[PDB]
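Taking the form deposited without biotin, here's one chain by itself in C-alpha cells.
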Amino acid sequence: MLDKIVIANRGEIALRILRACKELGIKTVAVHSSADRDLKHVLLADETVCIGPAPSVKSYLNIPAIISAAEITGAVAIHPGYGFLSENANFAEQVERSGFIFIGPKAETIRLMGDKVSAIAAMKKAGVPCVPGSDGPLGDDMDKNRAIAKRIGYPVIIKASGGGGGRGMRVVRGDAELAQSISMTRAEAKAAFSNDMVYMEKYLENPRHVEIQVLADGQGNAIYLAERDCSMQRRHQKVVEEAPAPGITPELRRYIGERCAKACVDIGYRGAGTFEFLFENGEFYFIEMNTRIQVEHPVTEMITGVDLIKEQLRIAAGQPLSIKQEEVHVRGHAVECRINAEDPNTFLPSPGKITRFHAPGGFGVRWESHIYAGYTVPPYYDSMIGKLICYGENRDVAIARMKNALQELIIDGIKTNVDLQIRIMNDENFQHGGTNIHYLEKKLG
C-alpha cells in the first residue's frame, strides 16, 4: 500500500477518499484553500496544508502549491478526485516526473481521451460503437461540411474537440444555419479551451444516458462493473443517477461491457474510468470517456459490492486487479439524488451558513456529504454539497427508500434541490423507468 497520499480536492469527494484511505491504513494529507479550513475531511485528516487563498486558480488548481505540499509532507501519491485537475494531462505528467504516484490513468491516456476527435477514432478502432459523424476535424470548405451533414442524417451537432460534458456544443437543424454555427463554435472553443478544432455528430432525438464503469490495472487486466442510467438532467448537468439501467438485459450488459473492457487494453487504460453512451432503439453510441472517478460512482458500489476508491488505491499501489469479471454480479438496485446548494427553479446558487442539519438513516440509506450544522457552504465553489444514495432488492424498494430518506433530510439556512428530488421520485414516468435525456426539462417546462 501507499504510505501517505495528498487528497487534491475538496467537499464530498475529499471526504469519500479520506474514508477509503483510513480503511486501508493510508495516511492522509488534506490540501485546502484558506476558505476550506472547516471542511469535514480537513478536520479528520492526519496532516493539513493550506495551499493558497479561496479562488480555485490560487489553490485547488495551483499545481506548484499542490506538488510542494506533497513534497513537504513526505506523501507518495496524489488523488485528484473528480473535476479540478483530475483530467488535466499536464498535472498527471508533472506528478509522475516529480516521482509521485498519480491516482489516475497515464498522462498520454488523458490526452488521447481528452481530445474528443482522437478519442472517437481510438474507440472506432477498438470496436466501440460511436455516434455517426464527421469522423475527423472540420475544415473551411462549406461544400465538404454540407455533404457530410446529409451523409449522417439531420439534425446535426457542432462539437468542440477540446470541449466536453455540457460545453462546446451547437445544434444544426438545416444548411442555412450550418455556416454561422460552424463559425460561432470555433470562436467559443478557441476562447474557452484554447483550441479551435471542431467536429460534426448526429443529434440523437430520443436517447437515454447509459454509461459503463471500468477498472483497469494498467498491467493488461480490465473489468466492467455494469452500467448507470444518468438521463435525469437539466442544462446538461446530471440530477438523478441509477444502477443498473432499466431495460438493459444481461445480454446487452455483456455486449457493451466486453467492448469497453477490450477498449481499456487497447488504449492501455489505468485506474477507474467511465465510457458514456447515448442509448436509443436498443443501440449504444459512444460520446466520451471520463478518465477519473465519477460523482455517481456510489450507485455502482451498492449493486456490485466493489469499493471503487479502494480499487483506485490498490491499482495506484501497483497491485494487479484481484477482482475477475466472473466475480462481478449485479444485485439489487440503487438510486442517487445529488444535493445542491441552489434554488432549482431559478438555478441561483445558494452559498451560506447551514443553521440546521439532519441526515437520513435506515436500511439501504447512504449519505455522502461533508456538510454539518454550523458549516458555511462557500460562494467560491460548485453548488453540489452532497449525494443521497438509496439501495434496495429491486428498483421500487430503492425509490421507496429514497422518498423516505428525502423527507428526513434537513438543510436549513440555504436553498436546496431537496423538494425537486421529491418531485422526481413521485414522477410516474420516472417510477415506470426509461425516461430520456430531455424528460426533466420538458417536465419542468
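Under this definition, the rigid core comprises the largest set of C-alpha atoms superposing within 1.5 Å between the forms. Counting begins at 1, following the sequence as shown.
Undergrad: Across the other PDB entries of this protein that were compared, is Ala191 absent from at least a third?
TA: Yes: coordinates for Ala191 absent from at least a third of the compared entries.
Undergrad: Is it the case that, in at least a third of the other entries compared (those modelling both flanking residues), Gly166 has no coordinates?
TA: Yes.
Undergrad: So 232-240 or 304-312, which one's hotter by mean CA B-factor in the entry?
TA: Comparing averages over the C-alpha atoms only gives 232-240.
Undergrad: Would 113-121 or 358-366 have the larger average of its C-alpha temperature factors, as given in the entry?
TA: Mean CA B-factor is higher for 113-121.
Undergrad: Tell me, please, which of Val335, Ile152, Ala341, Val210 has the highest C-alpha B factor according to the deposited entry?
TA: Within the set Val335, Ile152, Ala341, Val210, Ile152 shows the top C-alpha B-factor.
Undergrad: From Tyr203, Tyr224, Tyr372, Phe277, which pick has the Cα B-factor that tops the rest in the entry?
TA: Highest CA B-factor of the listed options: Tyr203.
Undergrad: Split into thirds by Cα B-factor across the chain's modelled residues, where does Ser86 land: lowest, middle or highest?
TA: It belongs to the lowest third of the chain when residues are ordered by C-alpha B-factor.
Undergrad: Comparing against every modelled residue in the chain, figure out the third that the C-alpha B-factor of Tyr269 lands in (lowest, middle or highest).
TA: CA B-factor rank for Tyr269: middle third.
Undergrad: Determine, from the deposited record, the chain-internal third of the Cα B-factor for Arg146: lowest, middle or highest.
TA: It belongs to the highest third of the chain when residues are ordered by C-alpha B-factor.
Undergrad: What third of its chain's C-alpha B-factors does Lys443 belong to: lowest, middle or highest?
TA: For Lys443, whose C-alpha B-factor we compare with every modelled residue in the chain, the answer is the highest third.
Undergrad: Split into thirds by Cα B-factor across the chain's modelled residues, where does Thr291 land: lowest, middle or highest?
TA: As the PDB entry reports it, the C-alpha B-factor of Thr291 lands in the middle third of its chain.
This next part talks about the form solved in complex with biotin, which is not shown.
Undergrad: Decide open or blocked for this chain: biotin is absent here, so superimpose its site C-alphas on those in the deposited bound form and check whether 3 or more ligand atoms come within 2.4 Å of a backbone or C-beta atom.
TA: Output flag = open.
Undergrad: Only one of 363-371, 304-312, 79-87, 252-260 has heavy atoms within 4.5 Å of biotin in the deposited bound form; I'd like to know which.
TA: So the stretch in question is 79-87.
Undergrad: So which of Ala107, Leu138, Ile248, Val295 reaches within 4.5 angstroms of biotin in the deposited bound form, heavy atom to heavy atom?
TA: In short, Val295.
Undergrad: Of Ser118, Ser98, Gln237, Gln325, which one comes within 4.5 Å of biotin in the deposited bound form, counting heavy atoms only?
TA: Comparing distances to biotin in the deposited bound form, the residue within 4.5 Å is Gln237.
Undergrad: At the 4.5 Å heavy atom threshold, is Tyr381 in contact with biotin in the deposited bound form?
TA: Although biotin is absent here, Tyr381 would touch it in the deposited bound form, with heavy atoms inside 4.5 Å.
Undergrad: Although biotin is absent from this view, report whether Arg338 comes within 4.5 Å of it in the deposited bound form, heavy atoms only.
TA: It does: once biotin is placed as it appears in the deposited bound form, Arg338 has a heavy atom within 4.5 Å of it.
Undergrad: Select from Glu108, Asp307, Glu280, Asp175 the only position whose Cα moves 2 Å or more between the shown form and the other one when the core is aligned.
TA: Residue with a C-alpha shift of 2 Å or more: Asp175.
Undergrad: Kindly check if the Cα atom of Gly166 is displaced 2 angstroms or more between the shown form and the other one relative to the superposed rigid core.
TA: Result for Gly166: yes, a 2 Å-plus shift.
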